[PDB]
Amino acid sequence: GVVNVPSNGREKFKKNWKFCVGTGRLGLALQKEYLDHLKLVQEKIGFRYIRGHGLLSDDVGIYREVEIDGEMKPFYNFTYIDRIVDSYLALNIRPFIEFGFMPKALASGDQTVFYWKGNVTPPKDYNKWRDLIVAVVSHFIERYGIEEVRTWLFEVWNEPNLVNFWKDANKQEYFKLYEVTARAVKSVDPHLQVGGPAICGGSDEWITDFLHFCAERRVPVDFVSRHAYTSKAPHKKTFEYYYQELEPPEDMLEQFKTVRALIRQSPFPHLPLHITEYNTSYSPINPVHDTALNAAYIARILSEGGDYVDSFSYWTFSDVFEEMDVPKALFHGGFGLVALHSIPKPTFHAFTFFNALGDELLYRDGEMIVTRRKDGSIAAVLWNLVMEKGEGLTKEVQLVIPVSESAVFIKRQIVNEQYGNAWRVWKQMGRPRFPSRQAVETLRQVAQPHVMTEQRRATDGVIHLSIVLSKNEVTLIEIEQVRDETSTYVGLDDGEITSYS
């Protein structure tokens, strides 16, 4: 198809796409490997906030008791989160705090979730929980100052509409939990932004009921959160993998758009919507995450997601993750943009490529976005999602582009099934679970995008680009003005160099 790019544009592409990114549990942030991947992510994409589970779980170790004279008394150990949040602020990223799970010494029952056994029961004593929240938020303000902590966000719990994350999926108990948390947070400082309900899909009446619980009972709410995946239940499991079919990306966009409509009808029509988890599959052992398809699929969501929501947070930035035990191989289906040994997966490159876009929107359809940057240069990202099996399945794109600058330097970066894909080459190596240093460096070189460059002289103030994208390709194309300095090199003749003309 032939697309004619207009010279200027009315609308502005937002940075909503990189507002937030997900993570494995906060206690894993103590790992050097974790910080390795986070530094890479902050250099090449730079997210504003980071969101995961386990702030209050026992590895991070904040809530204890502590026998004094003859009675159990609370003790708040900030050793670990002080280091964790410090390490975050040093990398220019703030916590999108999630309060959870339940500390053991505060839990009412035995039910846990994950390999790491986060306790998912309500607190035995709601006043002890309140006091925990006040202690934690108060500490954060003591350490980092009120101005800093006022920029953070505070979600209460996680997926209370699923039985695995909250006892009996108890709607009313969660609302009580929400109100105690919300009010405890405001009691420390009224500007702090608290929100919920952090639910998985399939049950959006919870968002209607949540916002009505808060209206009726005058309970604070500053944002709404929901999670969004497109995978069905596993159709085949091995001992290490879940395999799942996926709905197309418009299904996710519809989810975003549907939840925003439910907010617009509610008694709090102005509330921000934060999609605090999203990916194709919701399982950390689904190999789909390691593929070019995942990138081409996510590219579509990056292009449009921000039209409906204030943020959507890719779960996750890193394979440093233990919800289903320690990764059993290098490419093991983890959620991360970044694989162990800081090896970028195809999806990472899609973010990177979006990070080259300018604020000015020239054109956008279901397979491309075209922008103008301040300097006058064009930056476009194009993608060829093909969810069906088969080879070939190429897509041609004909881009007529307005530009006054008489010559143009075009730099294209590509990742697809052949290039920027460490997963493909890892198969060639024999799928080493625990590869050598040298196999890993080779995987790191191969994981880099394939670059091609050209110079093109304009005809009639317009350039034509013929772009062939192969199956599940995502590509960045930057088009810059050539200020040719050749004529300053007086006498220059390449033909005077052996072999050249």
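Residue indices: 1-based, along the sequence shown.
*Asks:* On average, which has the higher Cα B-factor in the deposited entry, 198-206 or 176-184?
*Replies:* Comparing 198-206 with 176-184, the higher mean C-alpha B-factor belongs to 198-206.
*Asks:* Taking the mean of the C-alpha B-factors per stretch from the entry, tell me the winner out of 361-369 and 97-105.
*Replies:* Higher of the two, by average CA B-factor, is 361-369.
*Asks:* Would you mind checking which of 61, 70, 52, 435 has the top Cα temperature factor in the PDB entry?
*Replies:* When the deposited C-alpha B-factors of 61, 70, 52, 435 are compared, 70 is largest.
*Asks:* Check the PDB entry and point out which of 83, 332, 264, 191 has the largest C-alpha temperature factor.
*Replies:* Reading the PDB entry, the winner on C-alpha B-factor is 264.
*Asks:* Using only modelled residues of the chain, where does the Cα B factor of residue 465 rank: lowest third, middle third or highest third?
*Replies:* Residue 465: CA B-factor falls in the highest third of its chain.
*Asks:* With respect to C-alpha B-factor, does residue 256 fall in the lowest, middle or highest third of the chain as deposited?
*Replies:* Highest third of the chain for residue 256's C-alpha B-factor.
*Asks:* Based on the deposited C-alpha B factors for this chain, I'd like to know if residue 344 is in the lowest, middle or highest third.
*Replies:* It falls in the bottom third of the chain.
*Asks:* Tell me, lowest, middle or highest third: where does the Cα B factor of residue 409 rank within its chain?
*Replies:* Its C-alpha B-factor, which the entry lists for residue 409, ranks in the highest third among residues of this chain.
*Asks:* Classify residue 246 as lowest, middle or highest third according to the C-alpha B-factor given in the PDB entry, relative to its own chain.
*Replies:* It belongs to the highest third of the chain when residues are ordered by C-alpha B-factor.
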